[PDB]
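Visitor: File final27.tsv follows (TSV, C-alpha atoms):
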```tsv
chain	number	residue	atom	x	y	z
A	30	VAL	CA	11.17	45.30	6.51
A	31	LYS	CA	9.15	47.98	4.72
A	32	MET	CA	5.53	49.06	4.77
A	33	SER	CA	3.33	47.67	1.99
A	34	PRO	CA	1.79	50.19	-0.42
A	35	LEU	CA	-1.82	51.20	-0.01
A	36	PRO	CA	-3.80	48.48	-1.81
A	37	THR	CA	-5.79	49.46	-4.88
A	38	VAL	CA	-9.39	48.63	-4.09
A	39	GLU	CA	-12.60	48.92	-6.07
A	40	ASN	CA	-14.99	49.93	-3.28
A	41	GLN	CA	-18.14	47.76	-3.20
A	42	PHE	CA	-19.61	50.53	-1.05
A	43	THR	CA	-18.44	53.93	0.09
A	44	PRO	CA	-17.90	54.18	3.84
A	45	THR	CA	-17.69	57.62	5.39
A	46	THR	CA	-17.21	59.47	8.68
A	47	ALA	CA	-20.48	60.21	10.53
A	48	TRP	CA	-18.81	62.53	13.02
A	49	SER	CA	-15.52	63.18	14.75
A	50	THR	CA	-14.65	64.84	18.07
A	51	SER	CA	-11.33	65.77	19.68
A	52	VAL	CA	-10.30	64.19	22.97
A	53	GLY	CA	-7.33	66.09	24.37
A	54	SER	CA	-3.98	65.01	22.97
A	55	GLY	CA	-4.81	61.29	22.75
A	56	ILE	CA	-1.93	58.87	23.29
A	57	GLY	CA	0.62	60.55	21.04
A	58	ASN	CA	3.56	58.25	20.33
A	59	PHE	CA	3.09	56.25	23.53
A	60	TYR	CA	1.92	52.67	23.46
A	61	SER	CA	-1.55	52.43	24.97
A	62	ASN	CA	-4.62	50.18	25.13
A	63	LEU	CA	-6.96	53.12	25.73
A	64	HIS	CA	-10.08	52.99	23.51
A	65	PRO	CA	-13.69	54.29	23.48
A	66	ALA	CA	-16.74	52.72	25.10
A	67	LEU	CA	-20.41	52.91	24.07
A	68	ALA	CA	-23.48	52.59	26.30
A	69	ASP	CA	-27.04	53.86	25.90
A	70	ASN	CA	-26.13	56.07	22.93
A	71	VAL	CA	-23.25	57.77	24.73
A	72	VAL	CA	-19.60	57.36	23.75
A	73	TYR	CA	-17.04	57.59	26.54
A	74	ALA	CA	-13.45	58.32	25.59
A	75	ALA	CA	-10.25	59.52	27.23
A	76	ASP	CA	-6.69	60.63	26.64
A	77	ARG	CA	-3.46	59.62	28.35
A	78	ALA	CA	-2.99	62.98	30.06
A	79	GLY	CA	-6.28	62.61	31.98
A	80	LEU	CA	-9.15	64.12	29.98
A	81	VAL	CA	-12.35	62.04	29.88
A	82	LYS	CA	-15.40	62.97	27.75
A	83	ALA	CA	-18.96	61.75	27.26
A	84	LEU	CA	-20.29	62.32	23.74
A	85	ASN	CA	-23.73	61.94	22.14
A	86	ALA	CA	-23.32	58.84	19.91
A	87	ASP	CA	-25.37	60.32	17.07
A	88	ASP	CA	-23.49	63.61	16.56
A	89	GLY	CA	-20.38	63.42	18.76
A	90	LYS	CA	-21.27	66.53	20.78
A	91	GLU	CA	-19.88	66.75	24.31
A	92	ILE	CA	-22.28	65.92	27.17
A	93	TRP	CA	-19.66	66.24	29.91
A	94	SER	CA	-15.92	66.35	30.43
A	95	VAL	CA	-13.49	66.07	33.33
A	96	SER	CA	-9.75	66.33	33.75
A	97	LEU	CA	-8.27	63.72	36.08
A	98	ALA	CA	-4.79	65.26	36.08
A	99	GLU	CA	-3.89	66.14	39.68
A	103	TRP	CA	6.20	69.07	43.38
A	104	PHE	CA	4.28	70.72	40.54
A	105	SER	CA	0.76	72.18	40.41
A	106	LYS	CA	-0.48	69.59	37.90
A	107	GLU	CA	0.65	66.20	36.59
A	108	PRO	CA	-0.73	63.79	33.93
A	109	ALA	CA	-2.97	60.96	35.15
A	110	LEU	CA	-1.48	58.52	32.61
A	111	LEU	CA	-4.83	56.90	31.78
A	112	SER	CA	-4.18	53.55	30.15
A	113	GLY	CA	-6.64	50.69	30.64
A	114	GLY	CA	-10.22	51.21	29.48
A	115	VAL	CA	-12.56	52.82	28.87
A	116	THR	CA	-15.12	50.39	30.34
A	117	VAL	CA	-18.72	51.35	31.16
A	118	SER	CA	-21.12	49.38	33.34
A	119	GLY	CA	-24.04	50.16	35.63
A	120	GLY	CA	-23.80	53.95	35.61
A	121	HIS	CA	-20.01	54.02	36.12
A	122	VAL	CA	-17.14	54.71	33.72
A	123	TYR	CA	-14.00	52.77	34.71
A	124	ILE	CA	-10.44	53.68	33.69
A	125	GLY	CA	-7.09	52.39	34.95
A	126	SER	CA	-3.80	54.28	34.97
A	127	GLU	CA	-0.05	53.65	34.86
A	128	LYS	CA	0.09	55.28	38.29
A	129	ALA	CA	-1.78	52.26	39.70
A	130	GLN	CA	-5.08	54.09	40.10
A	131	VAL	CA	-8.54	52.94	39.06
A	132	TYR	CA	-11.16	55.64	38.60
A	133	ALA	CA	-14.92	55.23	38.64
A	134	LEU	CA	-16.86	58.17	37.16
A	135	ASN	CA	-20.62	58.72	37.14
A	136	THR	CA	-22.10	58.38	33.64
A	137	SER	CA	-24.55	61.17	34.48
A	138	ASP	CA	-22.06	64.01	34.97
A	139	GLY	CA	-18.47	62.72	34.96
A	140	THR	CA	-17.95	63.30	38.68
A	141	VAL	CA	-15.66	60.85	40.47
A	142	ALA	CA	-17.65	58.16	42.28
A	143	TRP	CA	-14.53	56.55	43.69
A	144	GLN	CA	-10.80	56.13	43.13
A	145	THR	CA	-8.71	53.19	44.30
A	146	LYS	CA	-4.98	52.53	44.50
A	147	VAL	CA	-4.40	49.08	43.01
A	148	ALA	CA	-1.40	46.75	43.32
A	149	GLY	CA	0.31	47.79	40.09
A	150	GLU	CA	-0.10	49.61	36.79
A	151	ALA	CA	-3.58	49.12	35.33
A	152	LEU	CA	-2.80	48.89	31.62
A	153	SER	CA	-5.71	46.67	30.60
A	154	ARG	CA	-9.44	47.32	30.41
A	155	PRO	CA	-11.42	46.91	33.63
A	156	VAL	CA	-13.82	43.99	33.28
A	157	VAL	CA	-17.09	44.10	35.23
A	158	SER	CA	-19.08	41.10	36.43
A	159	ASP	CA	-21.26	40.11	39.40
A	160	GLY	CA	-20.83	43.47	41.12
A	161	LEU	CA	-17.02	43.39	40.83
A	162	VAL	CA	-14.55	45.37	38.73
A	163	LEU	CA	-11.71	43.02	37.79
A	164	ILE	CA	-8.27	44.60	37.40
A	165	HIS	CA	-5.29	42.67	36.04
A	166	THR	CA	-2.20	44.70	36.97
A	167	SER	CA	1.01	44.75	34.94
A	168	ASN	CA	2.87	43.13	37.84
A	169	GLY	CA	0.93	39.88	37.99
A	170	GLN	CA	-2.04	40.41	40.29
A	171	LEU	CA	-5.75	40.05	39.72
A	172	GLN	CA	-7.79	42.33	41.95
A	173	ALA	CA	-11.55	42.49	42.34
A	174	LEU	CA	-13.00	45.86	43.38
A	175	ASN	CA	-16.56	46.48	44.60
A	176	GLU	CA	-18.32	48.53	41.97
A	177	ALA	CA	-20.18	50.50	44.66
A	178	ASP	CA	-17.21	51.83	46.64
A	179	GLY	CA	-14.07	50.60	44.89
A	180	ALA	CA	-12.81	48.66	47.90
A	181	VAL	CA	-10.62	45.65	47.10
A	182	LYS	CA	-12.68	42.53	47.81
A	183	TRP	CA	-9.96	40.05	46.91
A	184	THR	CA	-6.49	39.80	45.35
A	185	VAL	CA	-4.82	36.85	43.60
A	186	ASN	CA	-1.12	36.50	42.82
A	187	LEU	CA	-0.67	35.01	39.36
A	188	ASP	CA	2.06	36.26	39.04
A	189	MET	CA	5.09	38.11	37.63
A	195	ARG	CA	3.76	45.20	25.91
A	196	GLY	CA	0.26	44.07	24.93
A	197	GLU	CA	-3.12	44.05	26.64
A	198	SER	CA	-4.07	41.41	29.19
A	199	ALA	CA	-7.62	41.85	30.45
A	200	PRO	CA	-9.42	39.10	32.32
A	201	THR	CA	-12.28	37.18	30.76
A	202	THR	CA	-15.37	36.09	32.67
A	203	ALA	CA	-17.45	32.94	32.32
A	204	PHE	CA	-20.13	31.37	34.50
A	205	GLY	CA	-18.78	32.61	37.82
A	206	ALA	CA	-15.09	32.37	36.96
A	207	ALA	CA	-12.45	34.81	35.72
A	208	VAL	CA	-9.80	33.60	33.27
A	209	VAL	CA	-6.54	35.49	32.94
A	210	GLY	CA	-3.60	35.10	30.58
A	211	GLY	CA	-0.47	37.21	30.29
A	212	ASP	CA	3.15	36.64	31.27
A	213	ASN	CA	4.65	34.43	32.09
A	214	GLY	CA	2.95	31.90	29.83
A	215	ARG	CA	0.31	30.59	32.22
A	216	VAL	CA	-3.46	30.91	31.94
A	217	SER	CA	-5.36	30.83	35.23
A	218	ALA	CA	-8.98	30.36	36.17
A	219	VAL	CA	-10.27	31.72	39.48
A	220	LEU	CA	-13.70	31.77	41.11
A	221	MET	CA	-15.32	35.21	41.35
A	222	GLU	CA	-16.65	34.62	44.86
A	223	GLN	CA	-13.33	34.98	46.71
A	224	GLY	CA	-10.67	34.55	44.02
A	225	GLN	CA	-10.22	30.84	44.72
A	226	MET	CA	-7.92	29.30	42.13
A	227	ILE	CA	-9.49	26.55	40.01
A	228	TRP	CA	-6.67	25.71	37.61
A	229	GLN	CA	-3.57	26.98	35.84
A	230	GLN	CA	-2.20	25.82	32.52
A	231	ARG	CA	1.08	26.66	30.79
A	232	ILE	CA	0.71	27.68	27.14
A	233	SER	CA	4.26	28.92	26.53
A	234	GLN	CA	7.57	27.06	26.48
A	246	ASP	CA	2.58	43.57	21.06
A	247	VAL	CA	0.58	40.44	21.89
A	248	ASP	CA	-2.97	40.69	23.30
A	249	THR	CA	-2.99	37.90	25.91
A	250	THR	CA	-6.62	38.53	26.90
A	251	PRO	CA	-8.35	35.14	26.80
A	252	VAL	CA	-11.57	34.76	24.79
A	253	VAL	CA	-14.09	32.31	26.25
A	254	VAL	CA	-16.64	30.94	23.81
A	255	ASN	CA	-18.95	28.01	24.44
A	256	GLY	CA	-16.81	26.34	27.11
A	257	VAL	CA	-13.51	26.88	25.30
A	258	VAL	CA	-10.75	29.33	26.28
A	259	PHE	CA	-8.82	30.73	23.32
A	260	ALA	CA	-5.56	32.42	24.27
A	261	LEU	CA	-2.36	33.78	22.77
A	262	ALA	CA	0.94	33.12	24.50
A	263	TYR	CA	3.37	36.04	24.84
A	264	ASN	CA	5.31	34.47	21.95
A	265	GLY	CA	2.19	34.66	19.76
A	266	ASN	CA	1.19	30.99	19.70
A	267	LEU	CA	-2.59	30.39	19.75
A	268	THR	CA	-4.02	27.72	22.08
A	269	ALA	CA	-7.47	26.41	22.92
A	270	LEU	CA	-8.16	25.16	26.46
A	271	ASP	CA	-11.14	23.44	28.07
A	272	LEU	CA	-12.80	26.00	30.34
A	273	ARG	CA	-13.64	23.47	33.05
A	274	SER	CA	-10.23	21.84	33.49
A	275	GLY	CA	-7.70	23.94	31.61
A	276	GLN	CA	-6.72	20.90	29.52
A	277	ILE	CA	-5.13	21.83	26.19
A	278	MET	CA	-7.34	20.92	23.23
A	279	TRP	CA	-5.06	22.25	20.52
A	280	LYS	CA	-2.11	24.56	19.93
A	281	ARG	CA	-1.10	26.33	16.77
A	282	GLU	CA	2.60	27.21	16.70
A	283	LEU	CA	2.13	29.72	13.86
A	284	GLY	CA	3.42	31.64	15.52
A	285	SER	CA	3.53	35.35	16.15
A	286	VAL	CA	-0.15	36.24	16.32
A	287	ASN	CA	-0.86	39.68	17.82
A	288	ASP	CA	-4.68	39.87	18.01
A	289	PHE	CA	-7.64	37.62	17.25
A	290	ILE	CA	-11.42	37.39	17.47
A	291	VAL	CA	-13.79	34.42	17.37
A	292	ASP	CA	-17.05	34.30	15.40
A	293	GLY	CA	-19.20	31.36	14.39
A	294	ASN	CA	-16.87	28.50	13.55
A	295	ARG	CA	-14.01	30.81	12.66
A	296	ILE	CA	-11.10	32.66	14.17
A	297	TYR	CA	-9.89	35.88	12.54
A	298	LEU	CA	-6.43	37.09	13.40
A	299	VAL	CA	-3.73	39.64	12.68
A	300	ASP	CA	-0.13	38.47	12.99
A	301	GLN	CA	2.99	40.38	14.01
A	302	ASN	CA	3.74	41.21	10.36
A	303	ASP	CA	0.19	42.42	9.74
A	304	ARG	CA	-0.96	39.41	7.73
A	305	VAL	CA	-4.69	38.84	8.25
A	306	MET	CA	-6.00	35.28	8.31
A	307	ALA	CA	-9.09	33.22	8.89
A	308	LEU	CA	-8.76	29.89	10.72
A	309	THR	CA	-11.23	27.13	11.50
A	310	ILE	CA	-12.29	27.14	15.17
A	311	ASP	CA	-10.62	23.74	15.64
A	312	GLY	CA	-7.32	25.56	15.18
A	313	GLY	CA	-7.31	25.68	11.39
A	314	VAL	CA	-6.88	24.88	8.70
A	315	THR	CA	-5.91	28.32	7.48
A	316	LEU	CA	-8.92	29.19	5.32
A	317	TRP	CA	-7.20	32.20	3.75
A	318	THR	CA	-4.38	34.70	4.30
A	319	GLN	CA	-4.47	38.34	3.17
A	320	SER	CA	-0.96	39.83	3.10
A	321	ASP	CA	-1.45	43.13	1.23
A	322	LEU	CA	-1.28	45.13	4.49
A	323	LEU	CA	2.13	43.71	5.45
A	324	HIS	CA	3.98	45.97	7.94
A	325	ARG	CA	1.30	48.68	7.84
A	326	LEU	CA	0.91	48.31	11.64
A	327	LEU	CA	-2.71	47.24	12.08
A	328	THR	CA	-5.17	47.56	14.93
A	329	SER	CA	-7.03	44.57	16.33
A	330	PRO	CA	-9.79	43.44	13.95
A	331	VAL	CA	-13.54	43.82	14.56
A	332	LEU	CA	-16.60	42.57	12.71
A	333	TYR	CA	-19.01	45.23	11.45
A	334	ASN	CA	-21.95	44.68	9.09
A	335	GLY	CA	-20.56	41.25	8.23
A	336	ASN	CA	-17.09	42.52	7.22
A	337	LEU	CA	-13.77	42.40	9.04
A	338	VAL	CA	-12.41	45.91	9.70
A	339	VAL	CA	-8.86	46.97	10.68
A	340	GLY	CA	-7.19	50.38	10.92
A	341	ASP	CA	-3.55	51.12	10.11
A	342	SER	CA	-0.79	53.50	11.22
A	343	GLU	CA	-1.49	55.84	8.27
A	344	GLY	CA	-5.12	56.36	9.31
A	345	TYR	CA	-6.92	54.15	6.80
A	346	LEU	CA	-9.68	51.67	7.52
A	347	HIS	CA	-9.67	48.46	5.48
A	348	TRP	CA	-12.84	46.41	5.04
A	349	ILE	CA	-12.29	42.70	4.38
A	350	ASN	CA	-14.64	39.98	3.13
A	351	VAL	CA	-14.68	37.14	5.65
A	352	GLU	CA	-15.24	34.42	3.05
A	353	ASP	CA	-12.14	34.99	0.90
A	354	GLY	CA	-10.13	37.75	2.56
A	355	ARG	CA	-10.49	40.17	-0.34
A	356	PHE	CA	-10.81	43.92	0.25
A	357	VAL	CA	-14.33	45.26	-0.25
A	358	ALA	CA	-13.68	48.85	0.82
A	359	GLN	CA	-11.00	51.28	1.89
A	360	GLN	CA	-11.29	54.72	3.45
A	361	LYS	CA	-8.92	57.44	4.62
A	362	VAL	CA	-9.96	58.63	8.09
A	363	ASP	CA	-7.27	60.42	10.15
A	364	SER	CA	-3.70	61.43	9.33
A	365	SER	CA	-2.50	60.91	12.93
A	366	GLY	CA	-3.11	57.19	12.44
A	367	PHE	CA	-4.70	54.30	14.32
A	368	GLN	CA	-3.34	52.02	17.03
A	369	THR	CA	-6.00	51.13	19.57
A	370	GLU	CA	-8.94	48.87	18.85
A	371	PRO	CA	-11.96	49.74	16.71
A	372	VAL	CA	-15.18	49.21	18.63
A	373	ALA	CA	-18.33	47.71	17.12
A	374	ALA	CA	-21.42	47.91	19.30
A	375	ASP	CA	-25.11	48.78	19.09
A	376	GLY	CA	-24.96	49.02	15.31
A	377	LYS	CA	-22.10	51.55	15.43
A	378	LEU	CA	-18.40	51.50	14.57
A	379	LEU	CA	-16.12	53.73	16.65
A	380	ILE	CA	-12.38	54.26	16.54
A	381	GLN	CA	-9.96	56.65	18.23
A	382	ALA	CA	-6.94	58.09	16.42
A	383	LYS	CA	-3.52	58.49	18.05
A	384	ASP	CA	-4.06	62.22	18.46
A	385	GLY	CA	-7.21	61.40	20.46
A	386	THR	CA	-9.86	62.13	17.84
A	387	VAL	CA	-12.86	59.79	18.11
A	388	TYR	CA	-14.66	58.79	14.89
A	389	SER	CA	-18.04	57.25	14.25
A	390	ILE	CA	-17.98	55.41	10.92
A	391	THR	CA	-20.89	54.73	8.56
A	392	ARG	CA	-20.92	51.82	6.12
```
Take the structure in the file and write it out as structure tokens.
Guide:
Amino acid sequence: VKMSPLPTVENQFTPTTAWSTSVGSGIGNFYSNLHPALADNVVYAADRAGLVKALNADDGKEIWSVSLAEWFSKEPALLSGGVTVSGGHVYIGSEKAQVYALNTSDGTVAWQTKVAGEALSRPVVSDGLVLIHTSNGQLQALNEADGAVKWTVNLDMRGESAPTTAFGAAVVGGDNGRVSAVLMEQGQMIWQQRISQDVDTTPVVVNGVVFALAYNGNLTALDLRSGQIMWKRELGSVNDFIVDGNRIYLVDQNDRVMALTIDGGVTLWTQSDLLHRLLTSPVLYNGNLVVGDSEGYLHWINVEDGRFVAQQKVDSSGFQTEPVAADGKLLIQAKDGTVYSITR
């Protein structure tokens, strides 16, 4: 295996960097799911060692910052899952099995809770609860007001695995190959389905259908209500996907990018010119598919035919965690921690 060359692309437009701002030492060479959040024109971002910053979304200037690092005088917090913002709190999970809630106003700690295992996936907030899927197979619901554990479900037992929420239920994937639905009220189990016999096992729930990758990279669609399997695509080896309209866009383990029909394809097209370049998850921005690579380039892809429409060099430390498209903005954090706002 060898990395594909940088594609030659005739830019249809010239994307640029609007601003960039350092955030500590980022994630370095460690695997992480840590990425930025955006709410009310403020970007919230963190680094593994424990630094968290709030930045003005128009110019990237710091509003507040806080270090969460606490036999030695100081030790890294190992921030990992997040950042998630909701209702005046910033939520971040750590590999030390802590979940932090910070005030959006000033970065002060609202609460901190010891959870049942490493919190490597983004906190997901719904109905007054912060849902935490721990790396050792538990789903825990914390009160957003005080961080107390309201309920805990054993699922139960490398790639992100956040819960998904839908109409009063949480849906969780992850090892070992089962998808589960539980009721938010008290964590009552509704159903489980086996979809098995790196990978983002976070389910995506769209219009009553659960789309989920198995740890082996097979893509499956399940009925939200019953967990019945509607279709499975033994590609396999998908790493990340998104759903939009009647299409699924995905990046496979070899960094091929494809578009599938929402009925499980039909592969509409495959773009293989980024093979082995080590891509981020894809996002949609201004109608184009965007992915970053390990060399620090962003690649802009036409969703109709998979052709490149633009390419830009952003950060020599490279990309790994997900680009974020929200509120008309495109944000991405480099491995060395630098957060970028990108303009089309």
Visitor: Using atom CA of residue 360 of chain A and atom CA of residue 41 of chain A as the two end points, give the distance in Å to one decimal.
Guide: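 Atom-to-atom, atom CA of residue 360 of chain A and atom CA of residue 41 of chain A are spaced 11.8 Å apart.
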Visitor: Name the closest residue to residue 378 of chain A among the candidates A:310, A:78, A:269, A:86; distances are taken between atoms, counting all atoms listed in the file.
Guide: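 Residue with the minimum atom-to-atom distance to residue 378 of chain A: A:86.
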Visitor: Which one is closest to residue 250 of chain A: A:199, A:227, A:270, A:141? Count all atoms listed in the file.
Guide: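 Among the listed residues, the smallest separation from residue 250 of chain A belongs to A:199.
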Visitor: I want to know what sits within 8 Å of segment 113-120 of chain A, based on all atoms listed in the file, with residues of the same chain fewer than 2 positions away left out; could you give that as a list in words?
Guide: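 In the requested format, the answer is residues 61, 62, 63, 64, 65, 66, 67, 68, 73, 74, 75, 111, 122, 123, 124, 125, 126, 135, 136, 137, 151, 152, 153, 154, 155, 156 and 157 of chain A.
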Visitor: For segment 206-208 of chain A, list every protein, DNA or RNA residue within 12 Å, evaluated using all atoms listed in the file, and leave out those in the same chain fewer than 3 positions away; present the list as a ChimeraX atom specification.
Guide: /A:156-159,161-165,171-173,185,187,198-203,211,215-230,249-254,256-260,270-275
Visitor: A:231, A:121, A:195, A:128: which is nearest residue 60 of chain A, counting all atoms listed in the file?
Guide: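 Ranking A:231, A:121, A:195, A:128 by distance to residue 60 of chain A, first place goes to A:195.
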Visitor: What does the distance between atom CA of residue 349 of chain A and atom CA of residue 388 of chain A come to in Å, to one decimal place?
Guide: 19.4 Å
Visitor: Rounded to one decimal in Å, what is the spacing between atom CA of residue 247 of chain A and atom CA of residue 58 of chain A?
Guide: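 Separation between atom CA of residue 247 of chain A and atom CA of residue 58 of chain A: 18.1 Å.
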Visitor: Using only C-alpha atoms, determine which residues lie at most 9 Å from residue 142 of chain A, disregarding the query and same-chain residues fewer than 5 positions distant; provide the list as a VMD selection string.
Guide: chain A and resid 121 132 to 135 177 to 179
Visitor: Skip residue 346 of chain A itself and residues of its chain fewer than 4 positions away, then list as a PyMOL selection string all residues within 10 Å of it, counting all atoms listed in the file.
Guide: chain A and resi 44+327-328+338-342+358-363+366-367+371+380+390
Visitor: For each of A:48, A:213, A:139, A:42, take the minimum atom-to-atom distance to residue 189 of chain A, counting all atoms listed in the file, then give the residue where this is smallest.
Guide: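 Looking only at the distances to residue 189 of chain A, the closest residue turns out to be A:213.
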Visitor: Which polymer residues have any atom within 12 Å of an atom of segment 293-301 of chain A, counting all atoms listed in the file, with same-chain residues fewer than 6 positions away left out, as a ChimeraX atom specification?
Guide: /A:196,246-248,252,254-255,259-261,263-269,283-287,307-320,322-332,335-341,349-354
Visitor: Go ahead and find all residues with at least one atom no further than 12 Å from (-4.2, 54.4, -4.6) in the file's coordinates, using only C-alpha atoms; report them as a PDB file with C-alpha atoms, in the coordinates of the input.
Guide:
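Result written to selection.pdb:
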```
ATOM      1  CA  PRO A  34       1.790  50.190  -0.420  1.00  0.00           C
ATOM      2  CA  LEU A  35      -1.820  51.200  -0.010  1.00  0.00           C
ATOM      3  CA  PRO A  36      -3.800  48.480  -1.810  1.00  0.00           C
ATOM      4  CA  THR A  37      -5.790  49.460  -4.880  1.00  0.00           C
ATOM      5  CA  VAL A  38      -9.390  48.630  -4.090  1.00  0.00           C
ATOM      6  CA  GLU A  39     -12.600  48.920  -6.070  1.00  0.00           C
ATOM      7  CA  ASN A  40     -14.990  49.930  -3.280  1.00  0.00           C
ATOM      8  CA  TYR A 345      -6.920  54.150   6.800  1.00  0.00           C
ATOM      9  CA  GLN A 359     -11.000  51.280   1.890  1.00  0.00           C
ATOM     10  CA  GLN A 360     -11.290  54.720   3.450  1.00  0.00           C
ATOM     11  CA  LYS A 361      -8.920  57.440   4.620  1.00  0.00           C
TER      12      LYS A 361
END
```
Visitor: Would you mind completing segment 358-369 of chain A to N, CA, C and O atoms and writing the output as an mmCIF file, in the coordinates of the input?
Guide:
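Saved as part_10.cif:
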```
data_model
loop_
_atom_site.group_PDB
_atom_site.id
_atom_site.type_symbol
_atom_site.label_atom_id
_atom_site.label_comp_id
_atom_site.auth_asym_id
_atom_site.auth_seq_id
_atom_site.Cartn_x
_atom_site.Cartn_y
_atom_site.Cartn_z
ATOM 1 N N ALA A 358 -13.704 47.393 0.752
ATOM 2 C CA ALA A 358 -13.680 48.850 0.820
ATOM 3 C C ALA A 358 -12.443 49.358 1.510
ATOM 4 O O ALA A 358 -11.789 48.633 2.255
ATOM 5 N N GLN A 359 -12.136 50.623 1.264
ATOM 6 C CA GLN A 359 -11.000 51.280 1.890
ATOM 7 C C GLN A 359 -11.365 52.740 2.088
ATOM 8 O O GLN A 359 -11.990 53.351 1.221
ATOM 9 N N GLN A 360 -10.994 53.308 3.227
ATOM 10 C CA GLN A 360 -11.290 54.720 3.450
ATOM 11 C C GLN A 360 -10.181 55.389 4.252
ATOM 12 O O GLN A 360 -9.618 54.801 5.174
ATOM 13 N N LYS A 361 -9.877 56.631 3.886
ATOM 14 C CA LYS A 361 -8.920 57.440 4.620
ATOM 15 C C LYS A 361 -9.663 58.190 5.712
ATOM 16 O O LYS A 361 -10.627 58.907 5.423
ATOM 17 N N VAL A 362 -9.231 58.034 6.962
ATOM 18 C CA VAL A 362 -9.960 58.630 8.090
ATOM 19 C C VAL A 362 -9.226 59.737 8.852
ATOM 20 O O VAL A 362 -9.801 60.811 9.095
ATOM 21 N N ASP A 363 -7.977 59.490 9.246
ATOM 22 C CA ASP A 363 -7.270 60.420 10.150
ATOM 23 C C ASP A 363 -5.760 60.330 9.996
ATOM 24 O O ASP A 363 -5.164 59.275 10.235
ATOM 25 N N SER A 364 -5.132 61.443 9.620
ATOM 26 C CA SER A 364 -3.700 61.430 9.330
ATOM 27 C C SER A 364 -2.789 61.157 10.536
ATOM 28 O O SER A 364 -1.613 60.853 10.360
ATOM 29 N N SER A 365 -3.315 61.243 11.757
ATOM 30 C CA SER A 365 -2.500 60.910 12.930
ATOM 31 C C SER A 365 -2.353 59.395 13.127
ATOM 32 O O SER A 365 -1.459 58.924 13.834
ATOM 33 N N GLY A 366 -3.242 58.639 12.497
ATOM 34 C CA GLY A 366 -3.110 57.190 12.440
ATOM 35 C C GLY A 366 -3.865 56.469 13.536
ATOM 36 O O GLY A 366 -4.317 57.095 14.499
ATOM 37 N N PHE A 367 -3.999 55.154 13.368
ATOM 38 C CA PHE A 367 -4.700 54.300 14.320
ATOM 39 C C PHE A 367 -3.749 53.360 15.052
ATOM 40 O O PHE A 367 -2.681 53.010 14.543
ATOM 41 N N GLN A 368 -4.144 52.952 16.253
ATOM 42 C CA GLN A 368 -3.340 52.020 17.030
ATOM 43 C C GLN A 368 -4.240 51.180 17.921
ATOM 44 O O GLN A 368 -4.154 49.950 17.932
ATOM 45 N N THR A 369 -5.119 51.844 18.662
ATOM 46 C CA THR A 369 -6.000 51.130 19.570
ATOM 47 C C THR A 369 -7.225 50.555 18.857
ATOM 48 O O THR A 369 -7.481 50.849 17.693
#
```
